[PDB]
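Q: What follows is the file entry.pdb, containing PDB, C-alpha atoms (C1' of nucleotides) and all ligand atoms:
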```
ATOM      1  CA  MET O   1      61.394 124.444 111.002  1.00  0.00           C
ATOM      2  CA  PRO O   2      61.207 126.403 114.325  1.00  0.00           C
ATOM      3  CA  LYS O   3      61.794 125.006 117.750  1.00  0.00           C
ATOM      4  CA  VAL O   4      58.979 122.706 118.780  1.00  0.00           C
ATOM      5  CA  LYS O   5      57.382 124.359 121.746  1.00  0.00           C
ATOM      6  CA  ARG O   6      56.483 122.406 124.830  1.00  0.00           C
ATOM      7  CA  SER O   7      53.938 124.758 126.330  1.00  0.00           C
ATOM      8  CA  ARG O   8      51.163 124.427 123.682  1.00  0.00           C
ATOM      9  CA  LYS O   9      49.542 127.579 125.048  1.00  0.00           C
ATOM     10  CA  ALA O  10      50.141 130.596 122.858  1.00  0.00           C
ATOM     11  CA  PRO O  11      53.260 132.624 123.668  1.00  0.00           C
ATOM     12  CA  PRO O  12      52.723 135.868 125.580  1.00  0.00           C
ATOM     13  CA  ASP O  13      52.195 139.439 124.453  1.00  0.00           C
ATOM     14  CA  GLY O  14      55.510 140.789 123.250  1.00  0.00           C
ATOM     15  CA  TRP O  15      56.617 137.625 121.477  1.00  0.00           C
ATOM     16  CA  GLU O  16      56.415 138.863 117.925  1.00  0.00           C
ATOM     17  CA  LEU O  17      59.081 141.547 118.256  1.00  0.00           C
ATOM     18  CA  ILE O  18      61.744 139.252 119.738  1.00  0.00           C
ATOM     19  CA  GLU O  19      61.233 136.293 117.486  1.00  0.00           C
ATOM     20  CA  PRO O  20      63.276 137.089 114.349  1.00  0.00           C
ATOM     21  CA  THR O  21      66.395 137.450 116.437  1.00  0.00           C
ATOM     22  CA  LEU O  22      65.669 134.432 118.643  1.00  0.00           C
ATOM     23  CA  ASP O  23      65.196 132.321 115.559  1.00  0.00           C
ATOM     24  CA  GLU O  24      68.316 133.865 114.093  1.00  0.00           C
ATOM     25  CA  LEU O  25      70.271 132.952 117.213  1.00  0.00           C
ATOM     26  CA  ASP O  26      68.641 129.537 117.060  1.00  0.00           C
ATOM     27  CA  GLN O  27      69.721 129.145 113.453  1.00  0.00           C
ATOM     28  CA  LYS O  28      73.216 130.160 114.527  1.00  0.00           C
ATOM     29  CA  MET O  29      73.296 127.405 117.145  1.00  0.00           C
ATOM     30  CA  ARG O  30      72.373 124.763 114.593  1.00  0.00           C
ATOM     31  CA  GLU O  31      75.362 125.824 112.521  1.00  0.00           C
ATOM     32  CA  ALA O  32      77.738 125.213 115.394  1.00  0.00           C
ATOM     33  CA  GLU O  33      76.267 121.809 116.203  1.00  0.00           C
ATOM     34  CA  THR O  34      77.024 120.550 112.720  1.00  0.00           C
ATOM     35  CA  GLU O  35      80.475 122.012 112.089  1.00  0.00           C
ATOM     36  CA  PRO O  36      82.911 119.166 111.432  1.00  0.00           C
ATOM     37  CA  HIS O  37      86.025 119.132 113.565  1.00  0.00           C
ATOM     38  CA  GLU O  38      89.127 119.195 111.418  1.00  0.00           C
ATOM     39  CA  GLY O  39      91.566 121.871 112.485  1.00  0.00           C
ATOM     40  CA  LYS O  40      89.677 122.351 115.688  1.00  0.00           C
ATOM     41  CA  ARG O  41      91.153 120.896 118.849  1.00  0.00           C
ATOM     42  CA  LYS O  42      89.253 118.467 120.998  1.00  0.00           C
ATOM     43  CA  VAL O  43      88.169 121.104 123.502  1.00  0.00           C
ATOM     44  CA  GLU O  44      87.966 123.883 120.935  1.00  0.00           C
ATOM     45  CA  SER O  45      85.098 122.380 118.987  1.00  0.00           C
ATOM     46  CA  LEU O  46      82.714 122.883 121.891  1.00  0.00           C
ATOM     47  CA  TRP O  47      83.568 126.528 122.406  1.00  0.00           C
ATOM     48  CA  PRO O  48      80.941 127.920 119.973  1.00  0.00           C
ATOM     49  CA  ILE O  49      78.155 126.203 121.916  1.00  0.00           C
ATOM     50  CA  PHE O  50      79.040 128.119 125.061  1.00  0.00           C
ATOM     51  CA  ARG O  51      79.394 131.374 123.160  1.00  0.00           C
ATOM     52  CA  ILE O  52      76.005 131.227 121.460  1.00  0.00           C
ATOM     53  CA  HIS O  53      74.365 130.043 124.669  1.00  0.00           C
ATOM     54  CA  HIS O  54      75.881 133.102 126.322  1.00  0.00           C
ATOM     55  CA  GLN O  55      74.533 135.280 123.542  1.00  0.00           C
ATOM     56  CA  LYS O  56      70.938 134.045 123.659  1.00  0.00           C
ATOM     57  CA  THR O  57      70.824 134.398 127.408  1.00  0.00           C
ATOM     58  CA  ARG O  58      72.391 137.847 127.274  1.00  0.00           C
ATOM     59  CA  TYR O  59      69.781 138.946 124.747  1.00  0.00           C
ATOM     60  CA  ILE O  60      66.777 138.161 126.941  1.00  0.00           C
ATOM     61  CA  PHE O  61      68.685 139.529 129.929  1.00  0.00           C
ATOM     62  CA  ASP O  62      69.153 142.840 128.163  1.00  0.00           C
ATOM     63  CA  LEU O  63      65.522 143.101 127.160  1.00  0.00           C
ATOM     64  CA  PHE O  64      64.237 142.598 130.665  1.00  0.00           C
ATOM     65  CA  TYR O  65      66.696 144.134 133.109  1.00  0.00           C
ATOM     66  CA  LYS O  66      68.250 146.862 130.990  1.00  0.00           C
ATOM     67  CA  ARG O  67      65.758 147.913 128.357  1.00  0.00           C
ATOM     68  CA  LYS O  68      62.657 146.875 130.359  1.00  0.00           C
ATOM     69  CA  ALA O  69      61.172 145.842 127.026  1.00  0.00           C
ATOM     70  CA  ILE O  70      59.563 142.580 128.167  1.00  0.00           C
ATOM     71  CA  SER O  71      57.135 141.606 130.933  1.00  0.00           C
ATOM     72  CA  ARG O  72      57.680 138.919 133.578  1.00  0.00           C
ATOM     73  CA  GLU O  73      55.452 136.587 131.612  1.00  0.00           C
ATOM     74  CA  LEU O  74      57.317 136.773 128.317  1.00  0.00           C
ATOM     75  CA  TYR O  75      60.589 136.627 130.231  1.00  0.00           C
ATOM     76  CA  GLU O  76      59.638 133.493 132.110  1.00  0.00           C
ATOM     77  CA  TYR O  77      58.312 131.996 128.918  1.00  0.00           C
ATOM     78  CA  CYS O  78      61.730 132.270 127.292  1.00  0.00           C
ATOM     79  CA  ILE O  79      63.351 130.622 130.291  1.00  0.00           C
ATOM     80  CA  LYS O  80      60.896 127.734 130.223  1.00  0.00           C
ATOM     81  CA  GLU O  81      61.305 127.256 126.494  1.00  0.00           C
ATOM     82  CA  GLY O  82      65.073 127.140 126.718  1.00  0.00           C
ATOM     83  CA  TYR O  83      65.928 130.404 125.027  1.00  0.00           C
ATOM     84  CA  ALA O  84      67.562 131.769 128.165  1.00  0.00           C
ATOM     85  CA  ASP O  85      69.447 130.121 130.997  1.00  0.00           C
ATOM     86  CA  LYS O  86      68.015 130.665 134.447  1.00  0.00           C
ATOM     87  CA  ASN O  87      71.209 129.871 136.330  1.00  0.00           C
ATOM     88  CA  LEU O  88      73.489 131.960 134.159  1.00  0.00           C
ATOM     89  CA  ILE O  89      71.245 134.969 134.698  1.00  0.00           C
ATOM     90  CA  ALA O  90      71.263 134.490 138.462  1.00  0.00           C
ATOM     91  CA  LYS O  91      75.043 134.786 138.416  1.00  0.00           C
ATOM     92  CA  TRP O  92      75.023 137.876 136.215  1.00  0.00           C
ATOM     93  CA  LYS O  93      72.895 139.573 138.831  1.00  0.00           C
ATOM     94  CA  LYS O  94      75.632 139.021 141.414  1.00  0.00           C
ATOM     95  CA  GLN O  95      78.142 141.722 142.164  1.00  0.00           C
ATOM     96  CA  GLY O  96      81.399 140.689 140.591  1.00  0.00           C
ATOM     97  CA  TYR O  97      80.087 138.045 138.262  1.00  0.00           C
ATOM     98  CA  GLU O  98      78.575 140.139 135.529  1.00  0.00           C
ATOM     99  CA  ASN O  99      80.205 139.038 132.285  1.00  0.00           C
ATOM    100  CA  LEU O 100      80.584 135.399 133.215  1.00  0.00           C
ATOM    101  CA  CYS O 101      81.094 132.851 130.462  1.00  0.00           C
ATOM    102  CA  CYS O 102      79.716 129.644 131.670  1.00  0.00           C
ATOM    103  CA  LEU O 103      78.759 127.910 134.743  1.00  0.00           C
ATOM    104  CA  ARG O 104      81.796 125.708 134.198  1.00  0.00           C
ATOM    105  CA  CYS O 105      84.194 128.571 134.581  1.00  0.00           C
ATOM    106  CA  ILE O 106      83.172 129.202 138.210  1.00  0.00           C
ATOM    107  CA  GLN O 107      82.704 125.593 139.209  1.00  0.00           C
ATOM    108  CA  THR O 108      85.393 124.522 141.631  1.00  0.00           C
ATOM    109  CA  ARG O 109      84.585 120.847 141.397  1.00  0.00           C
ATOM    110  CA  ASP O 110      85.723 120.891 137.791  1.00  0.00           C
ATOM    111  CA  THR O 111      89.354 121.838 138.437  1.00  0.00           C
ATOM    112  CA  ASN O 112      92.325 120.033 139.944  1.00  0.00           C
ATOM    113  CA  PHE O 113      93.073 122.412 142.755  1.00  0.00           C
ATOM    114  CA  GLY O 114      89.530 123.413 143.538  1.00  0.00           C
ATOM    115  CA  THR O 115      89.485 126.867 142.109  1.00  0.00           C
ATOM    116  CA  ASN O 116      87.913 128.904 139.320  1.00  0.00           C
ATOM    117  CA  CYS O 117      89.507 129.124 135.933  1.00  0.00           C
ATOM    118  CA  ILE O 118      92.013 131.791 134.999  1.00  0.00           C
ATOM    119  CA  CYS O 119      89.181 133.115 132.905  1.00  0.00           C
ATOM    120  CA  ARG O 120      87.880 134.663 136.127  1.00  0.00           C
ATOM    121  CA  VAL O 121      91.097 136.400 137.192  1.00  0.00           C
ATOM    122  CA  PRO O 122      91.107 140.173 136.606  1.00  0.00           C
ATOM    123  CA  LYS O 123      93.417 141.083 133.744  1.00  0.00           C
ATOM    124  CA  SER O 124      95.019 143.727 135.915  1.00  0.00           C
ATOM    125  CA  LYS O 125      96.034 141.080 138.432  1.00  0.00           C
ATOM    126  CA  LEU O 126      97.885 139.039 135.843  1.00  0.00           C
ATOM    127  CA  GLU O 127     100.081 142.149 135.339  1.00  0.00           C
ATOM    128  CA  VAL O 128     102.049 140.589 132.496  1.00  0.00           C
ATOM    129  CA  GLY O 129      99.859 140.906 129.420  1.00  0.00           C
ATOM    130  CA  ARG O 130      99.743 137.149 128.762  1.00  0.00           C
ATOM    131  CA  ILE O 131      97.050 135.879 126.434  1.00  0.00           C
ATOM    132  CA  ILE O 132      94.374 133.622 127.877  1.00  0.00           C
ATOM    133  CA  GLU O 133      92.066 131.134 126.294  1.00  0.00           C
ATOM    134  CA  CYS O 134      90.064 129.154 128.794  1.00  0.00           C
ATOM    135  CA  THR O 135      89.879 125.497 127.916  1.00  0.00           C
ATOM    136  CA  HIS O 136      86.344 125.140 129.231  1.00  0.00           C
ATOM    137  CA  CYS O 137      84.967 127.966 127.322  1.00  0.00           C
ATOM    138  CA  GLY O 138      87.333 129.853 125.072  1.00  0.00           C
ATOM    139  CA  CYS O 139      86.961 132.971 127.177  1.00  0.00           C
ATOM    140  CA  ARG O 140      89.573 135.654 127.516  1.00  0.00           C
ATOM    141  CA  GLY O 141      88.849 137.299 130.797  1.00  0.00           C
ATOM    142  CA  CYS O 142      85.343 137.633 132.163  1.00  0.00           C
ATOM    143  CA  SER O 143      86.237 139.484 135.290  1.00  0.00           C
TER     144      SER O 143
ATOM    145  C1'   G R   1      83.455 144.422 134.062  1.00  0.00           C
ATOM    146  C1'   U R   2      79.760 146.737 137.308  1.00  0.00           C
ATOM    147  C1'   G R   3      78.295 149.892 141.258  1.00  0.00           C
ATOM    148  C1'   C R   4      79.037 153.732 144.850  1.00  0.00           C
ATOM    149  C1'   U R   5      81.705 158.057 145.890  1.00  0.00           C
ATOM    150  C1'   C R   6      77.336 165.163 148.836  1.00  0.00           C
ATOM    151  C1'   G R   7      85.544 163.127 143.795  1.00  0.00           C
ATOM    152  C1'   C R   8      87.339 166.716 140.719  1.00  0.00           C
ATOM    153  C1'   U R   9      82.704 167.796 138.394  1.00  0.00           C
ATOM    154  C1'   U R  10      81.016 167.399 133.392  1.00  0.00           C
ATOM    155  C1'   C R  11      77.863 164.143 131.438  1.00  0.00           C
ATOM    156  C1'   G R  12      83.919 163.629 128.047  1.00  0.00           C
ATOM    157  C1'   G R  13      88.076 161.989 130.925  1.00  0.00           C
ATOM    158  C1'   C R  14      90.478 160.946 135.457  1.00  0.00           C
ATOM    159  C1'   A R  15      90.998 159.644 140.792  1.00  0.00           C
ATOM    160  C1'   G R  16      89.511 156.673 145.133  1.00  0.00           C
ATOM    161  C1'   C R  17      86.807 152.479 147.224  1.00  0.00           C
ATOM    162  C1'   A R  18      83.944 147.883 146.968  1.00  0.00           C
ATOM    163  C1'   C R  19      82.909 143.070 144.647  1.00  0.00           C
ATOM    164  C1'   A R  20      85.197 139.865 141.178  1.00  0.00           C
ATOM    165  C1'   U R  21      91.675 136.313 142.070  1.00  0.00           C
ATOM    166  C1'   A R  22      95.182 131.392 138.662  1.00  0.00           C
ATOM    167  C1'   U R  23      92.069 126.642 133.432  1.00  0.00           C
ATOM    168  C1'   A R  24      94.784 122.990 130.986  1.00  0.00           C
ATOM    169  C1'   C R  25      97.226 114.170 131.422  1.00  0.00           C
ATOM    170  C1'   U R  26      98.799 121.856 128.432  1.00  0.00           C
ATOM    171  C1'   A R  27      98.332 119.172 120.453  1.00  0.00           C
ATOM    172  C1'   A R  28      94.220 120.518 115.512  1.00  0.00           C
ATOM    173  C1'   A R  29     100.717 116.995 116.542  1.00  0.00           C
ATOM    174  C1'   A R  30     105.783 115.295 115.601  1.00  0.00           C
ATOM    175  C1'   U R  31     107.655 110.860 117.268  1.00  0.00           C
ATOM    176  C1'   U R  32     108.481 105.935 119.363  1.00  0.00           C
ATOM    177  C1'   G R  33     108.049 100.720 119.611  1.00  0.00           C
ATOM    178  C1'   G R  34     104.911  96.219 119.591  1.00  0.00           C
ATOM    179  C1'   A R  35     101.033  94.149 117.494  1.00  0.00           C
ATOM    180  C1'   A R  36      95.464  91.046 112.528  1.00  0.00           C
ATOM    181  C1'   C R  37      93.352  87.033 111.701  1.00  0.00           C
ATOM    182  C1'   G R  38      95.049  84.451 108.538  1.00  0.00           C
ATOM    183  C1'   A R  39      97.106  82.877 104.228  1.00  0.00           C
ATOM    184  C1'   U R  40     102.332  80.494 102.980  1.00  0.00           C
ATOM    185  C1'   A R  41     105.196  75.541 102.723  1.00  0.00           C
ATOM    186  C1'   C R  42     106.395  72.004 107.113  1.00  0.00           C
ATOM    187  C1'   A R  43     103.565  69.828 110.791  1.00  0.00           C
ATOM    188  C1'   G R  44      99.904  65.309 113.370  1.00  0.00           C
ATOM    189  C1'   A R  45      97.617  64.317 118.528  1.00  0.00           C
ATOM    190  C1'   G R  46      99.145  60.345 125.660  1.00  0.00           C
ATOM    191  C1'   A R  47      99.288  55.458 128.588  1.00  0.00           C
ATOM    192  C1'   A R  48     105.016  49.302 127.236  1.00  0.00           C
ATOM    193  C1'   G R  49     100.432  45.183 119.982  1.00  0.00           C
ATOM    194  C1'   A R  50      95.978  47.922 118.042  1.00  0.00           C
ATOM    195  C1'   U R  51      91.503  51.191 119.164  1.00  0.00           C
ATOM    196  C1'   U R  52      90.580  54.328 122.949  1.00  0.00           C
ATOM    197  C1'   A R  53      87.087  57.465 128.558  1.00  0.00           C
ATOM    198  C1'   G R  54      89.526  60.362 131.186  1.00  0.00           C
ATOM    199  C1'   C R  55      91.026  62.706 136.675  1.00  0.00           C
ATOM    200  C1'   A R  56      95.118  64.841 138.326  1.00  0.00           C
ATOM    201  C1'   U R  57     100.232  66.759 139.397  1.00  0.00           C
ATOM    202  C1'   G R  58     104.532  71.411 138.693  1.00  0.00           C
ATOM    203  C1'   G R  59     105.101  76.461 136.930  1.00  0.00           C
ATOM    204  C1'   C R  60     109.319  82.780 133.686  1.00  0.00           C
ATOM    205  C1'   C R  61     103.033  78.532 129.444  1.00  0.00           C
ATOM    206  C1'   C R  62      98.512  80.481 128.195  1.00  0.00           C
ATOM    207  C1'   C R  63      93.043  80.741 125.786  1.00  0.00           C
ATOM    208  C1'   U R  64      87.208  80.675 126.654  1.00  0.00           C
ATOM    209  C1'   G R  65      84.230  81.607 130.890  1.00  0.00           C
ATOM    210  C1'   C R  66      81.272  86.139 136.107  1.00  0.00           C
ATOM    211  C1'   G R  67      83.244  81.953 138.063  1.00  0.00           C
ATOM    212  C1'   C R  68      86.752  78.912 144.132  1.00  0.00           C
ATOM    213  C1'   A R  69      81.909  75.677 137.656  1.00  0.00           C
ATOM    214  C1'   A R  70      83.421  73.493 133.363  1.00  0.00           C
ATOM    215  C1'   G R  71      85.903  73.219 128.760  1.00  0.00           C
ATOM    216  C1'   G R  72      90.329  73.982 125.623  1.00  0.00           C
ATOM    217  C1'   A R  73      94.015  66.821 122.472  1.00  0.00           C
ATOM    218  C1'   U R  74      93.544  63.702 129.331  1.00  0.00           C
ATOM    219  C1'   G R  75      94.619  72.235 126.929  1.00  0.00           C
ATOM    220  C1'   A R  76     100.009  72.312 125.925  1.00  0.00           C
ATOM    221  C1'   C R  77     104.714  71.211 128.163  1.00  0.00           C
ATOM    222  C1'   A R  78     107.071  67.055 131.159  1.00  0.00           C
ATOM    223  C1'   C R  79     110.133  61.454 127.668  1.00  0.00           C
ATOM    224  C1'   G R  80     115.736  62.394 130.959  1.00  0.00           C
ATOM    225  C1'   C R  81     123.289  58.609 126.959  1.00  0.00           C
ATOM    226  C1'   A R  82     118.069  59.595 134.721  1.00  0.00           C
ATOM    227  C1'   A R  83     125.864  58.756 137.987  1.00  0.00           C
ATOM    228  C1'   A R  84     125.637  63.312 144.691  1.00  0.00           C
ATOM    229  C1'   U R  85     129.805  63.037 149.301  1.00  0.00           C
ATOM    230  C1'   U R  86     133.294  58.115 149.486  1.00  0.00           C
ATOM    231  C1'   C R  87     136.480  52.464 148.262  1.00  0.00           C
ATOM    232  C1'   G R  88     139.002  47.920 148.818  1.00  0.00           C
ATOM    233  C1'   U R  89     140.857  42.007 147.751  1.00  0.00           C
ATOM    234  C1'   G R  90     143.802  38.037 145.730  1.00  0.00           C
ATOM    235  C1'   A R  91     147.146  35.993 143.127  1.00  0.00           C
ATOM    236  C1'   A R  92     150.506  36.907 138.320  1.00  0.00           C
ATOM    237  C1'   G R  93     154.299  39.241 135.490  1.00  0.00           C
ATOM    238  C1'   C R  94     158.003  43.275 135.363  1.00  0.00           C
ATOM    239  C1'   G R  95     161.414  47.116 137.654  1.00  0.00           C
ATOM    240  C1'   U R  96     163.015  49.216 142.492  1.00  0.00           C
ATOM    241  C1'   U R  97     164.941  50.090 148.416  1.00  0.00           C
TER     242        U R  97
HETATM  243 MG    MG O 201      90.145  69.770 131.870  1.00  0.00          MG
HETATM  244 MG    MG O 202      91.097  61.516 124.245  1.00  0.00          MG
HETATM  245 MG    MG O 203      95.458  68.853 132.534  1.00  0.00          MG
HETATM  246 ZN    ZN O 204      83.553 130.175 130.070  1.00  0.00          ZN
HETATM  247 ZN    ZN O 205      86.755 130.123 132.043  1.00  0.00          ZN
HETATM  248 ZN    ZN O 206      85.355 133.878 130.881  1.00  0.00          ZN
END
```
Using structure tokens, write down the structure from this file.
Ligand SMILES: [Mg+2]
Ligand SMILES: [Mg+2]
Ligand SMILES: [Mg+2]
Ligand SMILES: [Zn+2]
Ligand SMILES: [Zn+2]
Ligand SMILES: [Zn+2]
A:
Amino acid sequence: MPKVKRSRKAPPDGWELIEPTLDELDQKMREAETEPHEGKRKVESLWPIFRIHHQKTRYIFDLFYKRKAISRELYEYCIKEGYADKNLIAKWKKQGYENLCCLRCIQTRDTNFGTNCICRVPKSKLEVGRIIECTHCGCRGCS
RNA sequence: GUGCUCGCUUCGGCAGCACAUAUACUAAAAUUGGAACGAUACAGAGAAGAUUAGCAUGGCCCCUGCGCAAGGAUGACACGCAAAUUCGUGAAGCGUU
């Protein structure tokens, strides 16, 4: 029923107060894996995976850098077990990059002209009020 | 969005600055045509009597094979009243200058 752990040592100290929500996020991810595509476009059906992955990683990130509610050990346990993304966090700690979607949406090898997605353009520099949905992600304006 | 402003100056708002700067064969489609054996009837395997191994050759014919191997009926086709330049003799009869 839960995620099979791969550490086999017991989880660290403050585990028991973050587990209902981690399992609730984990139950939410298993919904999105099994949704049948019908009226969902070919790229659109993968958008919930990136959203929930953002959410799980944001949750551990808030409990350790904002709320200071978790030690290094419980933090690095959640990264090793796959609850949080190590690389997505390392971009959120950068200066401009603090509500980033994905690592796809800043990867310049993934685009034709070698650039970020329009996801990453500040909404004030589009100056028109056009509506954006990133094809990688579904995002409407990180930056 | 975040941070810094000995910014107004409260913790409400605003101002300034810094970082952050252009995805997508753009459809979950509408269309548009050419196509699956294989069944339907027909159809029957070259070499001058008959029964037959085959190896080629040529290209707006392909199939199987990774093949510059080898197979596919010798893989099939090829079977054509197969006419390409350029004429003269001799007498004989009839009409004519
Ligand atoms: Mg042969
Ligand atoms: Mg034979
Ligand atoms: Mg032959
Ligand atoms: Zn994204
Ligand atoms: Zn994006
Ligand atoms: Zn985004």
Q: Convert the output of the PyMOL selection byres (((chain O and resi 114-119) around 12) and not hetatm) on the shown file into explicit residues, formatted as a ChimeraX atom specification.
A: /O:97,99-113,120-123,125-126,130-143 /R:20-24
Q: Go ahead and save the picked residues with C-alpha atoms (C1' of nucleotides), as a PDB file, keeping the file's coordinate frame.
A:
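As a result, selection22.pdb now contains:
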```
ATOM      1  CA  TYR O  97      80.087 138.045 138.262  1.00  0.00           C
ATOM      2  CA  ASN O  99      80.205 139.038 132.285  1.00  0.00           C
ATOM      3  CA  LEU O 100      80.584 135.399 133.215  1.00  0.00           C
ATOM      4  CA  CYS O 101      81.094 132.851 130.462  1.00  0.00           C
ATOM      5  CA  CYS O 102      79.716 129.644 131.670  1.00  0.00           C
ATOM      6  CA  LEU O 103      78.759 127.910 134.743  1.00  0.00           C
ATOM      7  CA  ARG O 104      81.796 125.708 134.198  1.00  0.00           C
ATOM      8  CA  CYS O 105      84.194 128.571 134.581  1.00  0.00           C
ATOM      9  CA  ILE O 106      83.172 129.202 138.210  1.00  0.00           C
ATOM     10  CA  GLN O 107      82.704 125.593 139.209  1.00  0.00           C
ATOM     11  CA  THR O 108      85.393 124.522 141.631  1.00  0.00           C
ATOM     12  CA  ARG O 109      84.585 120.847 141.397  1.00  0.00           C
ATOM     13  CA  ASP O 110      85.723 120.891 137.791  1.00  0.00           C
ATOM     14  CA  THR O 111      89.354 121.838 138.437  1.00  0.00           C
ATOM     15  CA  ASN O 112      92.325 120.033 139.944  1.00  0.00           C
ATOM     16  CA  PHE O 113      93.073 122.412 142.755  1.00  0.00           C
ATOM     17  CA  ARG O 120      87.880 134.663 136.127  1.00  0.00           C
ATOM     18  CA  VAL O 121      91.097 136.400 137.192  1.00  0.00           C
ATOM     19  CA  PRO O 122      91.107 140.173 136.606  1.00  0.00           C
ATOM     20  CA  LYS O 123      93.417 141.083 133.744  1.00  0.00           C
ATOM     21  CA  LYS O 125      96.034 141.080 138.432  1.00  0.00           C
ATOM     22  CA  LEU O 126      97.885 139.039 135.843  1.00  0.00           C
ATOM     23  CA  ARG O 130      99.743 137.149 128.762  1.00  0.00           C
ATOM     24  CA  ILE O 131      97.050 135.879 126.434  1.00  0.00           C
ATOM     25  CA  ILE O 132      94.374 133.622 127.877  1.00  0.00           C
ATOM     26  CA  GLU O 133      92.066 131.134 126.294  1.00  0.00           C
ATOM     27  CA  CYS O 134      90.064 129.154 128.794  1.00  0.00           C
ATOM     28  CA  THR O 135      89.879 125.497 127.916  1.00  0.00           C
ATOM     29  CA  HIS O 136      86.344 125.140 129.231  1.00  0.00           C
ATOM     30  CA  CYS O 137      84.967 127.966 127.322  1.00  0.00           C
ATOM     31  CA  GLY O 138      87.333 129.853 125.072  1.00  0.00           C
ATOM     32  CA  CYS O 139      86.961 132.971 127.177  1.00  0.00           C
ATOM     33  CA  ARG O 140      89.573 135.654 127.516  1.00  0.00           C
ATOM     34  CA  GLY O 141      88.849 137.299 130.797  1.00  0.00           C
ATOM     35  CA  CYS O 142      85.343 137.633 132.163  1.00  0.00           C
ATOM     36  CA  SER O 143      86.237 139.484 135.290  1.00  0.00           C
TER      37      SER O 143
ATOM     38  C1'   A R  20      85.197 139.865 141.178  1.00  0.00           C
ATOM     39  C1'   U R  21      91.675 136.313 142.070  1.00  0.00           C
ATOM     40  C1'   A R  22      95.182 131.392 138.662  1.00  0.00           C
ATOM     41  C1'   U R  23      92.069 126.642 133.432  1.00  0.00           C
ATOM     42  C1'   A R  24      94.784 122.990 130.986  1.00  0.00           C
TER      43        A R  24
END
```
Q: Could you jot down the CA of residue 70 in chain O to atom ZN of ligand ZN 206 (chain O) separation for me, Å, one decimal place?
A: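 Computed distance, CA of residue 70 in chain O to atom ZN of ligand ZN 206 (chain O), equals 27.4 Å.
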Q: If we count all atoms listed in the file, what is near range 35-49 of chain R at a cut-off of 12 Å, once residues fewer than 2 positions away on the same chain are taken out, given as a PyMOL selection string?
A: chain R and resi 33+51-52+54+73-76+78-79
Q: From the list O:82, O:76, O:50, O:14, which residue is nearest ligand ZN 205 (chain O) when using only C-alpha atoms and all ligand atoms?
A: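 That would be O:50, the residue with the smallest distance to ligand ZN 205 (chain O).
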Q: What does the distance from CA of residue 89 in chain O to CA of residue 77 in chain O come to in Å, to one decimal?
A: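 Computing it gives 14.5 Å between the two atoms.
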Q: Quick one: what's the axis-aligned box for range 62-80 of chain R, all listed atoms, 3 Å on every side, centre and edges in Å to one decimal, as AutoDock Vina command-line options?
A:
```
--center_x 98.5 --center_y 73.8 --center_z 133.3 --size_x 40.5 --size_y 30.7 --size_z 27.7
```
Q: Might you pull out every residue within 12 Å of residue 34 in chain O, with only C-alpha atoms (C1' of nucleotides) counted and same-chain residues fewer than 4 positions away left off, and present them as a JSON list (two decimals) with C-alpha atoms, in the coordinates of the input?
A:
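The resulting part.json:
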```json
[["chain", "number", "residue", "atom", "x", "y", "z"],
["O", 27, "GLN", "CA", 69.72, 129.15, 113.45],
["O", 28, "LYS", "CA", 73.22, 130.16, 114.53],
["O", 29, "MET", "CA", 73.30, 127.40, 117.14],
["O", 30, "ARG", "CA", 72.37, 124.76, 114.59],
["O", 45, "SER", "CA", 85.10, 122.38, 118.99],
["O", 46, "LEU", "CA", 82.71, 122.88, 121.89],
["O", 48, "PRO", "CA", 80.94, 127.92, 119.97],
["O", 49, "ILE", "CA", 78.16, 126.20, 121.92]]
```
Q: So which residues get picked by the PyMOL selection byres (((chain O and resi 6) around 12) and not hetatm) here, written as a PyMOL selection string?
A: chain O and resi 3-5+7-11+77-78+80-82
Q: With distances taken over all atoms listed in the file, which of O:19, O:61, O:67, O:42 is nearest to chain R?
A: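 Among O:19, O:61, O:67, O:42, it is O:42 that comes nearest to chain R.
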